[PDB]
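We use all heavy atoms of the structure for the numbers below, so side chains are in, but hydrogens, waters and symmetry mates are not. We name chains A, B, ... by the order of the sequence lines, and we start the count at 1 in each one.
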Amino acid sequence: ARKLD
Amino acid sequence: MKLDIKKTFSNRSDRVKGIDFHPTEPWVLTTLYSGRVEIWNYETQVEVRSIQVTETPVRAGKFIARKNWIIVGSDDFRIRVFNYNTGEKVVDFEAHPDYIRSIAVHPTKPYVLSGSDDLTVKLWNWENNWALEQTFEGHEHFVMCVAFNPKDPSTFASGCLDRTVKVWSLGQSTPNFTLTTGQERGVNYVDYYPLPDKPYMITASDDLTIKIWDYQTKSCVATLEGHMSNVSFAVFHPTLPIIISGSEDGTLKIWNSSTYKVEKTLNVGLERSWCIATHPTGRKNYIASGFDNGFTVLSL
């Protein structure tokens, strides 16, 4: 799950 | 190579994902991972207005000063516009079927660009009932950043996790060109040098690098190395001969824009850096950055 932050 | 950096205002808050300066009021907008947005007067250190917009992250936010608006985009897929004088919610619509990462506002025309995890950039016209005027298709991963060319805003750039920047013309369906950046973990950010003397763009990547591009030759002019974790952004300052970058390594770096060497590293103490704004006309040479634990406004 990329770039959630 | 003389810098004089002063802290104008810093405040603690939840993670700041978007940030923007008002062109004529001493205000900064912050958009937060918590779904809140805040407008601060950084001279008086007092809140102008704040809104709990949603419960999802608001990753993108800009002033549209000529309309007395802010425009924000969030992980609930929606674009919302608020009048900052009254607090009126002006519009509220689903813009993409996925997260909104970036919003850009045209300098003269009533156009907004949004970039999304849906692999597209979309163009909205607020003088035509916020119509979807065009969708730009071609990227193959999340579109992380969109930016109009300030010198020719009939064109804009998109930076994408597919490792490319695409430069487009409004009204045309394919890119005028694609930069294969060689930044193999993707592009997080793209910015234009704002002055007429150089046709330059700049890209930041998870691969720890920043690259400068000549958009007429499509060549990489320079690669800036030094950050120790993902580079969230890199921008040219509008008045000073510097580039400012920020990273999940917790630092801001100021680079000489002629030699492309680092001049100063700032350990802001707010953990990871996510976003950046520069005052459009260089008032006090202000810059502002948003972090995990708040934001800071610095005069240079």
Side-chain angles (χ1 to χ4, degrees), chain A, chain B residues 17-20 31 33 56-62 71-80 93-106 111-125 130 132-150 153-192 201-207 209-211 213 215 218 230-235 274-277:
Chain A
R2 266 198 90 182
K3 292 287 176 186
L4 294 184
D5 288 9
Chain B
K17 298 302 297 191
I19 199 161
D20 198 32
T31 68
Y33 198 84
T56 66
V58 182
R59 298 175 190 271
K62 292 294 184 298
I71 180 165
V72 302
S74 42
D75 283 7
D76 58 7
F77 304 173
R78 308 184 72 84
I79 284 179
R80 293 178 179 91
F93 64 91
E94 181 171 303
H96 296 264
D98 212 328
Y99 296 170
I100 298 166
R101 295 284 178 173
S102 181
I103 290 168
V105 182
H106 193 287
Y111 280 148
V112 171
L113 294 165
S114 56
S116 172
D117 286 8
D118 77 355
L119 315 182
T120 74
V121 176
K122 289 178 191 285
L123 174 69
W124 310 92
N125 180 347
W130 294 93
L132 174 58
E133 293 284 351
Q134 193 173 355
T135 299
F136 303 85
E137 298 180 326
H139 277 302
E140 295 167 337
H141 208 316
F142 307 163
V143 179
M144 295 297 289
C145 191
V146 296
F148 286 101
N149 185 338
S154 75
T155 65
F156 72 92
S158 56
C160 178
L161 295 185
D162 69 6
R163 311 188 327 277
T164 73
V165 169
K166 287 169 186 293
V167 172
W168 314 78
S169 283
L170 306 183
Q172 293 171 46
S173 65
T174 64
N176 294 336
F177 56 92
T178 296
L179 300 175
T180 298
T181 65
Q183 293 170 297
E184 297 312 70
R185 293 188 180 270
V187 171
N188 296 328
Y189 210 83
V190 61
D191 183 67
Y192 280 93
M201 307 174 62
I202 187 170
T203 54
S205 178
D206 281 356
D207 85 340
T209 69
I210 296 159
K211 288 176 182 286
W213 303 94
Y215 70 65
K218 289 74 178 183
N230 302 338
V231 190
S232 299
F233 61 80
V235 299
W274 297 109
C275 60
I276 188 77

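Taking each heavy atom of B:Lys17 and B:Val58 in turn, the nearest pair found is CB-O, 3.8 Å. Minimum interatomic distance between B:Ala234 and B:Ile202 (heavy atoms only, all atoms of both residues): O-CG2, 3.4 Å. For the pair B:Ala104 and B:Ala147, the tightest heavy-atom approach, listed with the atom from each and the gap, is CB-CA, 4.3 Å. Among all heavy-atom pairs drawn from B:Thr155 and B:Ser169, the shortest one is CG2-OG, 3.7 Å. Nearest heavy-atom pair, B:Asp98 versus B:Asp118, reported as atom, atom and distance to 0.1 Å: CB-N, 3.7 Å. The heavy-atom pair separating B:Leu170 from B:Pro153 by the smallest distance is CD1-O, 3.9 Å.
Taken from OG in B:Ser205 to OH in B:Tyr189, the straight-line distance is 15.0 Å, to the nearest 0.5 Å. Atom-to-atom distance recorded for B:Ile19:CD1 and B:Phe233:CZ is 9.0 Å, nearest 0.5 angstrom. Remark: B:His141 NE2 to B:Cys160 SG distance equals 7.5 Å, nearest 0.5 Å. Rounding to the nearest 0.5 angstrom, the gap separating the OG1 atom in B:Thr203 from the CH2 atom in B:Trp213 is 6.0 Å. Atoms NE2 and CZ, from B:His106 and B:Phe148 in turn, are 5.5 Å apart once rounded to the nearest 0.5 Å. Between the CZ atom in B:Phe142 and the CG atom in B:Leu119 there is a gap of 8.0 Å [rounded to 0.5 Å].
Side-chain atoms of B:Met144 and B:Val187, non-hydrogen and from C-beta on, never get closer than 4.5 Å to each other. Within the 4.5 Å cutoff, side-chain heavy atoms of B:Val167 are placed close to those of B:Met201. Within the 4.5 Å cutoff, no side-chain heavy atoms of B:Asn125 are placed close to those of B:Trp130. Under the 4.5 Å side-chain criterion, counting only non-hydrogen atoms from C-beta, B:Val121 is in contact with B:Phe156.
Looking at B:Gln134, B:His96, B:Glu133 one by one, the single match for side chain to side chain contact (heavy atoms under 4.5 Å, CB included) with B:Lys122 turns out to be B:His96. A side chain to side chain contact (heavy atoms under 4.5 Å, CB included) with B:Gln183 is found for exactly one of B:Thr209, B:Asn188, B:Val231, namely B:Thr209. Each of B:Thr31, B:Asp75, B:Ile100 was scored for a side chain to side chain contact (heavy atoms under 4.5 Å, CB included) with B:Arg59, with one residue passing: B:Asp75.
Under a 4.0 Å N-O distance rule, the pair A:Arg2/B:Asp117 does not qualify as a salt bridge. At a threshold of 4.0 Å, the pair B:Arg80-B:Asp76 counts as salt-bridged, since one of the basic side-chain nitrogens sits closer than that to a carboxylate oxygen.
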Working for side chain to side chain contact (heavy atoms under 4.5 Å, CB included), residues B:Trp274 and A:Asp5: CA-CA 10 Å; B:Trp274 297 109; A:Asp5 288 9; 4.1 Å; yes

Steps toward side chain to side chain contact (heavy atoms under 4.5 Å, CB included) verdict (B:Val143, B:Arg101): CA-CA 7 Å; B:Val143 179; B:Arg101 295 284 178 173; over 6 Å; no

Intermediate values then yes/no, ring pair (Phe, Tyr, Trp, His ring centres under 6.0 Å), B:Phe93 and B:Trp124: CA-CA 11 Å; B:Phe93 64 91; B:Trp124 310 92; 4.8 Å; yes

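With hydrogens and angles ignored, the 3.5 Å screen pairs a side-chain donor or acceptor of B:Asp162 with a backbone N or O of B:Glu140.
Residue B:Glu184 places its CD atom among more than 12 non-hydrogen atoms of other residues, nucleotides or ligands, all under 6.0 Å distant.
Using bins of under 30°, 30° to 60° and over 60° for the plane-to-plane angle, the ring pair B:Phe77/B:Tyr99 lands in the tilted bin.
Geometrically, B:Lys166 does not engage B:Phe136 in a cation-pi contact, judged by NZ or CZ lying under 6.0 Å from the ring centre and within 45° of the ring axis.
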